[PDB]
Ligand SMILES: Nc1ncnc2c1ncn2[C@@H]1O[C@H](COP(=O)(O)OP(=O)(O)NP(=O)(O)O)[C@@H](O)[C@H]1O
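Consider the single chain below, provided in structure tokens and representing the form deposited without the ligand.
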């Protein structure tokens, strides 16, 4: 912390939020800032650090990042209401329930003429270590060691290889961009304002299995980002492999180091960005929906079905994923995607024939 800050009136340190569009700017009042300015977490993370992402970027919707598990409680005055609004009324008294039971996922296979690929991604942080905005090189390397040792322990169709981002041959970097496996190196304003780019590429890397359907990015925005993906529409298969991977990686880490994933009854899994709390899950498809793209109801229809659509901007190809993360389970979110993409595909198919979809539109 800058030790002379505490000597100035808090009003002199209060961010100027004129022109800001963030939940940070909405909830961090003058009086709240003066209350918490000089309160640090047990690892040394400060209020200013926590909000720097929003203060530097008035166009961001959220504006906050956690530096450690305790950020969420030490600064609960700020984090609680931002989480409540972002997550559609999820109160400090509400609690989050996990459900990783792959037997409960809808077994429909999404039509592969429309669904290019199906994916389930999540994040996990290791309890006992600071999060990316705050983590130091020794912490980050320890995380790298434990996570990569757990991944290198996977066998059969989960057998793979770890690729450190520091150790990278030229026939290597090219190949991984080739599969598109490489995470963007951290130049966006979101990563640099949030302290998350420090030391790059030290401590970061990418693990994938040989069959290229299970992939883990290490020490990016969360200590791990775990992704199961495959061609076509068999979402239940993707989820089953996701859960087995997750289970075995967790087991290895606990058996070898005693460490566990950050998690609590209130927030479920703790992630760096409050937008990702709860399940941390982005369950998506890449779907070819060019008639839906020409339809002015497309965003509204997605929203009503609890889906987000994200395009490249081409082709009418959209990433379609779950909007909801906190206060519903993984099983619910994945099934929401399956149910809703099924409807989009049926609509796309009617529109190709110049037929009505008006009766398929959700209430």
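Basically, rigid core = biggest C-alpha set you can superpose within 1.5 Å across the two forms. Numbering follows the first chain given and starts at 1. Residues that one form lacks are left out of the comparison.
> Should the segment between residue 313 and residue 314 be described as having none, 1 to 3, 4 to 9, or 10 or more unmodelled residues of the deposited sequence?
Per the deposited record, the segment joining residue 313 and residue 314 lacks coordinates for 4 to 9 residues.
> 79-87 versus 185-193: which one carries the higher mean Cα B factor per the record?
On average, C-alpha B-factors are higher across 185-193.
> Quick check on the record: does 336-344 or 18-26 carry the larger mean Cα temperature factor?
Mean CA B-factor is higher for 18-26.
> Using the temperature factors in the entry, find which of 277, 287, 168, 142 has the highest value at its Cα atom.
In this record, 168 carries the highest C-alpha B-factor of the candidates.
> Out of 148, 138, 118, 257, which one has a C-alpha B factor higher than all the others in the entry?
It is 257.
> Against its chain's modelled residues, does residue 128's Cα B factor rank lowest, middle or highest third?
Residue 128: CA B-factor falls in the highest third of its chain.
> Comparing residue 61 with the other modelled residues of its chain, is its CA B-factor in the lowest, middle or highest third?
It falls in the top third of the chain.
> Divide the modelled residues of the chain into thirds by Cα B-factor and specify which third, lowest, middle or highest, holds residue 294.
Highest third, going by the recorded CA B-factors of the chain.
> Determine, from the deposited record, the chain-internal third of the Cα B-factor for residue 283: lowest, middle or highest.
According to the entry, residue 283 has a C-alpha B-factor in the chain's lowest third.
> Using the B-factor values recorded in the entry, state whether the Cα atom of residue 216 falls in the lowest, middle or highest third among the modelled residues of its chain.
For residue 216, whose C-alpha B-factor we compare with every modelled residue in the chain, the answer is the lowest third.
Below: the form deposited with the ligand bound, not depicted.
> Sort through 208-216, 254-262, 151-159, 114-122 and report the only stretch with a non-hydrogen atom within 4.5 Å of the ligand in the deposited bound form.
Of the options, only 114-122 has residues within 4.5 Å of the partner.
> Closest heavy atom of residue 293 to the ligand in the deposited bound form, within 4.5 Å or not?
Although the ligand is absent here, residue 293 would stay clear of it in the deposited bound form, with no heavy atoms inside 4.5 Å.
> Classify residue 299 as contacting or not contacting the ligand in the deposited bound form by the rule of any non-hydrogen atom within 4.5 angstroms, answering yes or no.
Close contact is absent here: in the deposited bound form, residue 299 is far from the ligand, nothing within 4.5 Å, heavy atoms only.
> Residue 140 versus the ligand, in the deposited bound form: is there a non-hydrogen atom within 4.5 Å?
No - in the deposited bound form, heavy atoms of residue 140 and the ligand never come within 4.5 Å of each other.
> Contact with the ligand in the deposited bound form for residue 204, defined as at least one heavy atom pair within 4.5 Å: yes or no?
Close contact is absent here: in the deposited bound form, residue 204 is far from the ligand, nothing within 4.5 Å, heavy atoms only.
> Using heavy atoms and a 4.5 Å cut-off, decide whether 288, 349 and 357 all contact the ligand in the deposited bound form.
No: no residue has a heavy atom within 4.5 Å of the partner.
> Among 332, 319, 48, 70, which has at least one heavy atom within 4.5 Å of the ligand in the deposited bound form?
Result of the distance check: 319.
> Note which of 236, 266, 87, 225 lies within 4.5 Å of the ligand in the deposited bound form, where distance is taken over heavy atoms; exactly one does.
Flagged contact: 225.
> Would you mind checking 276-310 for residues with a heavy atom within 4.5 Å of the ligand in the deposited bound form?
Those in contact are 282, 284, 285, 286, 310.
> Would you mind telling me which residue of 265, 107, 170, 210 shifts its Cα by 2 Å or more between this form and the one not shown when the core is superposed?
Per the superposition, the moving residue is 170.
> Answer yes if the CA of residue 179 moves 2 Å or more between this form and the one not shown after aligning the rigid core, and no otherwise.
Result for residue 179: yes, a 2 Å-plus shift.
> Might you say whether the CA atoms of residue 210 and residue 178 end up closer or farther apart in the deposited bound form than in this form? Their distance differs by 3 Å or more.
Pair moves farther apart in the deposited bound form.
> After superposing on the rigid core, which segments of 3 or more consecutive residues have every C-alpha shifted by 2 Å or more between this form and the one not shown?
Moving region between this form and the one not shown: 169-182, nothing else.
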